Amino acid sequence: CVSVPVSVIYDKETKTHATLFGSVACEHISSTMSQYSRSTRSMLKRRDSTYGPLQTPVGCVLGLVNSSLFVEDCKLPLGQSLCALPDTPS
Amino acid sequence: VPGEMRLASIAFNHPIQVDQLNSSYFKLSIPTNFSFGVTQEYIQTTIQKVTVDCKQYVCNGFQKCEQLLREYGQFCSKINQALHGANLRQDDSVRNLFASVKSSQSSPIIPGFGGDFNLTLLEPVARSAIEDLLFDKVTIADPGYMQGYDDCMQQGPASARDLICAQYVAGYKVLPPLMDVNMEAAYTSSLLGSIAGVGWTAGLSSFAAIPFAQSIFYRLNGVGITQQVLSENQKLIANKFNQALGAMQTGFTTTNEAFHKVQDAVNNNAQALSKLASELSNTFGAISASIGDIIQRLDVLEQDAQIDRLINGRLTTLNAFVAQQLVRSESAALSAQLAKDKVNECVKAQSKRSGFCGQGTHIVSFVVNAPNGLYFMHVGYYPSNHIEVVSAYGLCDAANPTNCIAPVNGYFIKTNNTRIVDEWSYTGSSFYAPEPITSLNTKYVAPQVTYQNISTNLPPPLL
Amino acid sequence: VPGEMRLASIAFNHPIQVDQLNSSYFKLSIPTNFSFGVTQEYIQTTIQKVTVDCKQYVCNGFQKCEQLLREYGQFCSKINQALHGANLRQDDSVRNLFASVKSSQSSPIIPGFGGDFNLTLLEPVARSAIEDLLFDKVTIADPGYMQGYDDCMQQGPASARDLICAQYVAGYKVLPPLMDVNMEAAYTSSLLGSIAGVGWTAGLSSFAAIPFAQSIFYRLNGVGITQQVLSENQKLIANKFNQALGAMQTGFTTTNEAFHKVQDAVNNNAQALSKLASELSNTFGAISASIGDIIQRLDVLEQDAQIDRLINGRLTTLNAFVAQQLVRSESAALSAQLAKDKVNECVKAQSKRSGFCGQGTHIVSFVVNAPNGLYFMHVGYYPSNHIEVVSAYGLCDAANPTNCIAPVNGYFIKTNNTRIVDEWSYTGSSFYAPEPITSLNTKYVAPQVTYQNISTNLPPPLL
Amino acid sequence: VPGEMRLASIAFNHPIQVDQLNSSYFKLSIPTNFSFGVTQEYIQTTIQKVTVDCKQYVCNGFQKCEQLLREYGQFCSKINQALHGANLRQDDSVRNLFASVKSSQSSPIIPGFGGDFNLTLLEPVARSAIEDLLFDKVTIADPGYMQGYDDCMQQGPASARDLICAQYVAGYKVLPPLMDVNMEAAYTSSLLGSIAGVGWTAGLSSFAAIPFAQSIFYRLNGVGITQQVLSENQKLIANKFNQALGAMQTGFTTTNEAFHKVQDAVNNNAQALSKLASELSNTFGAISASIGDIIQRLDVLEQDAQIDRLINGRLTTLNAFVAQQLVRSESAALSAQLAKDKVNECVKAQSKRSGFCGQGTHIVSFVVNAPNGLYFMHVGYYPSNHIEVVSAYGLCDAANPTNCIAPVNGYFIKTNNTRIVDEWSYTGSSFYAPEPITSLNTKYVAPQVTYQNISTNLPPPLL
Ligand SMILES: *[C@@H]1O[C@H](CO)[C@@H](O[C@@H]2O[C@H](CO)[C@@H](O)[C@H](O)[C@H]2NC(C)=O)[C@H](O)[C@H]1NC(C)=O
Ligand SMILES: *[C@@H]1O[C@H](CO)[C@@H](O[C@@H]2O[C@H](CO)[C@@H](O)[C@H](O)[C@H]2NC(C)=O)[C@H](O)[C@H]1NC(C)=O
Ligand SMILES: *[C@@H]1O[C@H](CO)[C@@H](O[C@@H]2O[C@H](CO)[C@@H](O)[C@H](O)[C@H]2NC(C)=O)[C@H](O)[C@H]1NC(C)=O
Ligand SMILES: *[C@@H]1O[C@H](CO)[C@@H](O[C@@H]2O[C@H](CO)[C@@H](O)[C@H](O)[C@H]2NC(C)=O)[C@H](O)[C@H]1NC(C)=O
Ligand SMILES: *[C@@H]1O[C@H](CO)[C@@H](O[C@@H]2O[C@H](CO)[C@@H](O)[C@H](O)[C@H]2NC(C)=O)[C@H](O)[C@H]1NC(C)=O
Ligand SMILES: *[C@@H]1O[C@H](CO)[C@@H](O[C@@H]2O[C@H](CO)[C@@H](O)[C@H](O)[C@H]2NC(C)=O)[C@H](O)[C@H]1NC(C)=O
Ligand SMILES: *[C@@H]1O[C@H](CO)[C@@H](O[C@@H]2O[C@H](CO)[C@@H](O)[C@H](O)[C@H]2NC(C)=O)[C@H](O)[C@H]1NC(C)=O
Ligand SMILES: *[C@@H]1O[C@H](CO)[C@@H](O[C@@H]2O[C@H](CO)[C@@H](O)[C@H](O)[C@H]2NC(C)=O)[C@H](O)[C@H]1NC(C)=O
Ligand SMILES: *[C@@H]1O[C@H](CO)[C@@H](O[C@@H]2O[C@H](CO)[C@@H](O)[C@H](O)[C@H]2NC(C)=O)[C@H](O)[C@H]1NC(C)=O
Ligand SMILES: *[C@@H]1O[C@H](CO)[C@@H](O[C@@H]2O[C@H](CO)[C@@H](O)[C@H](O)[C@H]2NC(C)=O)[C@H](O)[C@H]1NC(C)=O
Ligand SMILES: *[C@@H]1O[C@H](CO)[C@@H](O[C@@H]2O[C@H](CO)[C@@H](O)[C@H](O)[C@H]2NC(C)=O)[C@H](O)[C@H]1NC(C)=O
Ligand SMILES: *[C@@H]1O[C@H](CO)[C@@H](O[C@@H]2O[C@H](CO)[C@@H](O)[C@H](O)[C@H]2NC(C)=O)[C@H](O)[C@H]1NC(C)=O
Ligand SMILES: *[C@@H]1O[C@H](CO)[C@@H](O)[C@H](O)[C@H]1NC(C)=O
Ligand SMILES: *[C@@H]1O[C@H](CO)[C@@H](O)[C@H](O)[C@H]1NC(C)=O
Ligand SMILES: *[C@@H]1O[C@H](CO)[C@@H](O)[C@H](O)[C@H]1NC(C)=O
Ligand SMILES: *[C@@H]1O[C@H](CO)[C@@H](O)[C@H](O)[C@H]1NC(C)=O
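In order, the protein sequence lines correspond to chains Z, U, B and S. The numbering of the first sequence is the working numbering, which starts it at 183 and goes up by one. The numbering of the second sequence is the working numbering, which starts it at 2 and goes up by one. The numbering of the third sequence is the working numbering, which starts it at 2 and goes up by one. The numbering of the fourth sequence is the working numbering, which starts it at 2 and goes up by one.
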């Protein structure tokens with residue numbers, strides 16, 4: 183059987199996160215899942231329910247938002263030439 | 002409120018592009034504005050010293066345990082002797098390192114050493130501002146040794162919960178440090194008194210006992226800044242130094258990578274013991290980690306099996322501990338020898354290597370003691386506001402093809418300085434400040450096709 | 002056809018014997034024919050990054066396994082956190098190394114940089130000839146990450162057998178590289194633009210943007226070759242350089258030790274995973290490595306025992322893996338810091354240390370990226386065809402005992418050059434090419450008994 | 002008779018205090034009496050090479066054992082291949098190190114090389130006095146290989162108890178050294194012939210073939226001692242050298258830390274085998290460590306269980322051995338490369354780094370072979386009897402503010418030497434010996450406020 187690997191990008195300052203499915207790619211990704219990896223996905227759904235998955239060279243990610251920015255260090259680098267930038271506290 | 006994390010790429014900031022020219026002249030990018038800053042590193046040199054009383058560690062005073070433990074006595078012999086070796090290596094490393102720190106002669110230090118340079122590292126008579134910042138900011142646990150036992154005894158505060166008190170049951174002992182704070186302070190005060198300076202050659206013989214500030218100015222000439230620039234900006238330079246040093250006020254933070262490493266040296270020793278201690282409550286396939294409970298609730302024919310699992314379990318954890326300590330000791334020994342060389346390369350000398358220290362050639366470095374090691378601070382050079390001028394590869398008397406010169410520790414540039422009437426002027430290699438071209442800044446060389454020709458005025462040679 | 006192996010001794014090729022002389026003169030062996038060649042080294046700086054989903058790794062989705070695995074959950078917590086630490090160290094090492102690679106300013110590079118020097122390392126716009134040779138010649142496996150899953154899914158080629166596809170069952174994940182090829186290329190293109198040159202002092206400030214070839218000629222004067230020799234042979238020198246560089250065309254071979262090391266860095270990562278993967282099919286005293294088969298053919302009272310052996314077995318293999326990865330990570334961290342210094346010592350500078358680089362002092366070195374690390378190339382000096390001449394320790398005016406000189410970066414020899422009428426002539430220290438003795442090649446010194454006396458013509462001083 | 006141990010503190014010997022002065026002059030502490038001494042170090046470069054015949058190691062020729070051992074055959078495959086890799090690394094390290102030792106050209110060495118310098122290290126034609134002292138003093142065991150077997154056979158002395166003889170039963174084999182004593186001697190005789198000298202620049206090209214003593218005098222000028230001092234004391238210097246070298250006569254003692262390290266390299270290899278050998282008699286929860294006794298006194302249904310415990314036990318000990326050998330090999334590889342650089346930094350060159358070698362700058366170092374590695378000796382500088390004089394930062398012609406000089410590799414001091422009428426005199430940086438201030442000891446500099454003014458006589462410039 184094939185499966186979906188998962189990783190979570192978590193910001194302890196804003197108390198938020200985004201997630202990657204890696205190699206699975208976004209053609210097989212939706213905001214809801216019937217696989218499953220955990221009982222609930224609601225912490226992501228709060229924002230992710232309004233976005234489709236965004237495909238990146240690192241992997242397929244929910245809650246990514248395309249901003250076309252370049253930053254030196256997000257403290258959440260995704261490797262390669264990609265970075266998950268935390269938002270700004272009010 | 003905040004939204005979703007954003008997609009950004011990792012930035013690469015492209016270098017300033019300096020176009021290449023053909024022929025006998027070139028575009029030379031020269032900084033016009035210089036400032037200082039600092040970098041830091043931590044060198045862990047120690048592993049906390051350890052000994053274990055196996056008879057007590059494996060079982061808390063039980064004869065059935067000792068009767069079965071006896072079958073395994075050769076194991077604990079290996080454990081203590083292996084640790085004996087590692088603790089000796091730790092002591093030799095520490096004394097051998099401090100031996101290189103000590104000077105044969107030095108200047109006395111009184112407040113005011115540093116001149117216009119703040120030197121917040123002068124002993125607060127003592128230690129340094131930096132040592133107090135490291136020892137107060139890092140969450141390093143209180144030592145025992147004295148008074149010790151009374152605070153772990155019923156004849157003391159009921160609130161004591163020190164991991165040291167637990168040693169009276171664990172059969173574990175924490176060993177004292179080799180030097181004490183006062184001797185370590187004596188060794189680094191000897192280094193402070195050795196500052197000013199590292200010039201005049203040798204210094205491994207004679208001793209000048211000169212101002213801090215002058216050793217700085219000598220080092221700045223040493224990187225290509227001319228003297229006229231330093232003389233005019235000497236107060237500005239002291240202020241920039243002080244600003245760069247001032248950065249250390251915020252440096253002892255969790256966002257400082259060198260600081261974090263100091264904290265980990267502490268944490269790494271804490272876990273080595275916490276793991277030995279927590280294993281004392283771990284079952285090893287055994288019904289209980291407690292011999293007393295094994296005996297109390299089991300018939301004798303079953304108790305030995307439960308105890309044997311416990312013993313082999315405890316011995317297994319001692320094995321892992323020792324293997325880890327032997328590796329840690331050797332890694333620390335390497336680290337200490339590398340520090341020995343750094344003190345003799347950057348603290349006691351100016352570096353010409355790059356890579357090392359401040360990220361821009363080298364200017365004075367300092368070493369202080371730190372939890373489990375040494376902490377180093379390095380002042381670096383950060384030139385900016387570069388301009389582009391056209392430069393020569395050398396100069397010849399136009400009227401005489403064999404009269405040729407080259408710049409010394411700098412460049413000959415087309416004059417753009419209105420105070421110089423002469424077509425060519427000299428700048429240092431690290432700072433733009435065109436000077437008349439004179440013999441102090443030049444050397445006589447074999448003629449080359451790329452040396453530019455002056456038909457007017459070139460004092461070196463004038464004729 | 003071939004016969005038996007033969008008895009031979011290991012050869013030792015005796016050094017050229019140069020007889021020692023007494024008194025004030027000596028036999029000086031001087032090369033007359035110089036050529037270049039190259040040496041290579043590989044620095045492994047990376048360990049492939051790893052994470053493991055223990056719940057899946059130990060058992061492939063079985064509840065009985067999870068029920069028993071739960072008793073051991075603290076084990077896998079240690080495994081993932083230990084690997085978390087090692088992967089962070091790998092990332093810090095890589096970014097900290099590239100940070101030293103990047104220049105603040107550099108020359109643009111276009112085809113033609115190098116002048117008469119081939120420079121096959123210029124970006125093939127990109128990377129370098131060398132990087133393609135290493136990446137195409139080394140048997141390094143295809144990456145996943147994108148497209149990934151579709152080629153391991155039934156909705157893809159039936160022929161896929163990637164070890165990455167196996168990760169979907171193993172619970173193992175391969176992590177992406179930190180930099181990407183394009184950023185690594187940006188960092189080494191920044192180094193290429195920093196070439197020409199490392200002279201004029203500093204260079205950690207200003208930037209000359211001059212020809213490659215000239216930086217070579219400056220380095221050659223820097224080892225004792227005089228300028229007249231370089232000027233006459235400048236085209237020959239470029240050709241010898243190109244021949245030495247041309248050697249790299251055959252260098253990416255299995256008979257090349259540096260190349261072999263690159264291949265092993267790849268193989269070492271491949272085995273770390275192959276071992277975790279093959280252990281999934283290994284019994285551990287268990288009837289089967291398969292939970293599904295343990296359940297299917299055994300009554301429940303026996304199944305738990307077989308499963309517990311399997312679990313402890315799988316956990317044991319995770320333990321060994323992590324211990325190995327922690328050691329490999331620290332060794333790689335040391336390797337990366339050593340590379341940091343080499344880039345700042347040989348790529349960005351001329352070396353005066355010997356031992357290092359080409360086996361004969363130093364001439365330009367280059368660094369390129371390589372599978373799991375960096376690959377360095379070093380041009381070395383290989384002088385030959387030595388001759389024997391008689392030399393002085395210095396020279397004095399025979400008519401005036403206080404007028405004494407010594408050679409600069411060379412020797413005074415009895416003239417055997419028919420173009421020189423004077424009894425004494427000067428050669429460099431690295432090449433025989435007698436020149437008239439003049440002030441450009443001499444220094445004034447205190448008189449010594451071993452300086453030879455010239456009663457005829459010695460321009461330094463003439464009178 | 003002796004009493005109780007006494008309470009003493011660890012001493013710290015305070016450095017000589019040199020007071021700091023304000024203004025344009027300072028107190029300069031200058032040694033007046035110089036002497037030499039030596040320091041030593043041992044670099045272990047080898048691990049004794051090993052192979053194991055698992056079939057014999059685990060069980061001494063028993064079929065029941067082999068039948069059960071077969072189930073574990075993949076284990077021993079890993080053991081031999083891992084050791085194969087480690088032994089190859091050991092050989093590559095040794096040949097790669099000696100390759101750097103060998104010179105392309107050298108002087109022949111005959112007794113008398115050294116001049117007035119004893120050089121007890123000249124080959125005793127051979128090796129050196131030092132190598133015989135290390136090999137005769139260290140308790141290193143006799144090699145086998147030839148004749149070997151006859152002395153472990155009944156056709157030989159009944160008294161042989163060599164651990165090598167035990168290998169015929171253990172299934173263990175000790176491997177031969179890579180170089181032999183004669184080739185190692187050839188490589189270090191090549192280094193001896195390369196001495197005199199490391200000056201004249203390059204030396205990586207041409208070869209001077211000059212006296213030992215002169216290379217010493219050149220190195221002494223190289224640390225700031227003036228030539229007049231060396232010329233007058235040249236016989237005294239040779240005697241001090243010989244005294245410093247003479248110290249090596251007592252150095253090969255158990256109280257010598259470098260010596261002790263040589264002894265441990267030997268002991269560490271001895272224990273690696275002694276442990277494999279003693280494990281052959283160890284039970285592993287088994288009734289007996291002897292298969293023959295397990296079979297003889299037990300029914301077959303019980304014998305397999307006892308044998309399986311034994312086998313897994315023996316295999317476990319092989320595992321630990323290999324893991325230890327792999328680590329030891331890599332540590333030795335690092336050590337050998339560090340030696341490669343030291344030979345090319347201190348033996349083949351004068352060091353300017355401090356930290357290293359003799360504890361006082363650097364003067365000639367030597368390398369010899371040692372049990373399991375290399376042994377180095379380093380001559381150091383130990384100046385004493387310092388005096389205090391007042392010195393300048395430079396000097397100007399009082400009648401002309403632009404005529405300014407600075408000392409070269411020394412200091413300008415107020416004259417206290419009655420042979421000098423002039424108010425100022427020059428000393429070197431490493432030795433007090435005031436000289437007239439002349440151009441040989443000075444350089445022309447930009448004027449500074451701290452240069453003292455001479456209104457009388459200052460030859461540089463006179464006018
Ligand atoms: C050179 O650098 C210095 C600082 O290193 C600049 O001077 C200061 O810049 C800060 C930036 O906020 C100002 O707040 C200070 O007020 C400035 N100093 C003064 C005296 O005004 C300086 O402007 C830079 N540029 C040059 C010299 O061209
Ligand atoms: C420069 O040196 C002065 C010395 O006075 C520092 O000022 C002192 O800072 C300490 C910090 O706790 C105070 O307790 C003292 O009271 C201050 N002294 C005075 C006279 O106010 C100053 O902070 C240093 N500057 C930097 C950048 O470190
Ligand atoms: C400065 O003048 C000198 C001559 O004084 C020029 O030297 C030339 O060098 C080339 C190199 O071989 C010779 O072929 C020419 O014949 C030399 N010229 C003369 C007049 O002899 C030098 O090139 C001039 N510098 C520049 C930058 O033009
Ligand atoms: C070289 O000298 C010229 C002439 O003085 C400089 O040009 C002036 O630069 C200043 C900069 O603020 C401008 O305000 C002036 O208007 C410029 N003058 C003219 C006529 O345009 C030039 O910048 C100098 N170059 C360098 C590198 O110092
Ligand atoms: C100096 O070395 C060069 C090569 O580095 C020698 O010249 C070439 O030697 C090769 C050897 O096969 C020949 O095939 C080439 O034809 C030679 N070159 C030429 C131009 O003929 C040279 O002979 C050596 N000896 C010297 C200069 O004395
Ligand atoms: C020197 O540089 C030339 C540049 O032309 C190299 O010649 C090229 O080599 C590549 C190798 O694949 C060929 O694809 C090109 O077609 C060649 N160019 C031409 C014009 O033929 C030459 O090989 C280099 N020499 C060395 C020793 O590397
Ligand atoms: C070159 O001539 C000088 C004298 O001009 C010789 O110097 C001798 O040095 C020794 C050393 O003490 C003195 O004892 C002699 O008295 C000096 N000679 C004179 C005439 O004063 C020097 O030795 C000669 N060089 C050679 C190689 O013979
Ligand atoms: C020093 O000069 C002499 C005289 O020119 C050289 O001797 C000649 O060497 C060539 C080499 O091919 C021979 O063919 C000649 O026959 C030799 N001449 C005589 C008279 O025998 C000598 O080789 C030169 N030495 C060096 C080191 O260059
Ligand atoms: C300088 O040091 C030397 C020794 O390095 C001293 O001379 C010798 O000192 C020893 C000490 O026991 C005596 O036994 C010798 O007899 C002394 N030599 C002579 C020739 O008497 C010397 O005294 C020291 N002090 C100086 C030069 O002031
Ligand atoms: C200085 O060199 C002499 C050379 O003679 C050494 O004296 C020899 O020492 C060896 C040691 O066993 C004796 O076997 C020889 O018989 C001695 N030779 C003579 C002529 O007596 C002397 O010991 C060396 N000094 C030092 C300090 O090593
Ligand atoms: C030696 O004499 C020179 C002058 O010949 C003194 O130079 C002084 O330097 C300061 C520095 O700015 C100037 O302000 C003075 O005006 C200079 N003096 C003169 C007369 O121009 C130098 O200080 C004297 N050295 C000492 C140690 O006193
Ligand atoms: C500087 O010169 C003075 C005068 O010669 C030295 O003073 C003499 O030192 C000797 C040392 O044995 C005494 O015996 C004399 O009695 C002293 N003379 C007087 C007048 O007291 C002084 O020591 C010298 N200083 C240095 C560092 O050499
Ligand atoms: C973000 O937008 C840019 C617009 O050009 C596009 O090229 C890029 O692929 C987008 N990335 C994602 C993850 O949508
Ligand atoms: C090269 O020389 C030519 C001469 O006409 C000039 O036009 C060209 O711009 C020069 N190249 C550079 C980079 O200056
Ligand atoms: C030493 O000097 C003598 C003087 O006659 C000479 O014969 C001998 O050959 C010289 N030794 C060497 C090596 O030249
Ligand atoms: C500093 O200068 C004053 C000038 O009167 C002098 O008295 C004092 O002793 C000097 N300090 C030192 C250390 O010489």
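Think of the CB as a built atom: it goes at the ideal place given N, C-alpha and C, for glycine as much as any other residue.
Please list, in chain order, all residues of the same chain as residue i whose beta carbon is under 8 Å from its beta carbon, the five residues on each side excluded.
i              : result
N270 (chain B) : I48, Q49 and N373
Using a threshold of 7 Å, state whether the C-beta atoms of residue i and residue j are closer than that.
i              : j              : result
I308 (chain B) : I288 (chain B) : no
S216 (chain S) : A245 (chain S) : no
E42 (chain B)  : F322 (chain B) : no
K341 (chain S) : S101 (chain S) : yes
Give the interface partners of residue i over in chain S, defined as CB-CB distance under 8 Å, in chain order.
i              : result
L281 (chain B) : Near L281 (chain B) there are no residues of chain S at all, since even the closest Cβ is about 16 Å away, more than 8 Å.
Using Cβ-Cβ distances below 8 Å, what residues of the stretch 169-189 of chain B are close to chain Z? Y169, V170, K174, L176, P177, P178, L179, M180, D181, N183 and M184
Using a strict less-than 5 Å threshold between each residue's beta carbon and the heavy atoms of ligand 8, what residues do you get? B:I388 and B:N417
Along the stretch 409-442 of chain S, what residues have a CB closer than 7 Å to any CB found in chain B? Correct list: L441.
Which of the residues in the stretch 369-403 of chain U, read from start to end, lie with their CB under 8 Å from any CB of chain Z? none
Using a Cβ cut-off of 7 Å, which residues of the stretch 69-100 of chain S contact any Cβ in chain B, in chain order? none
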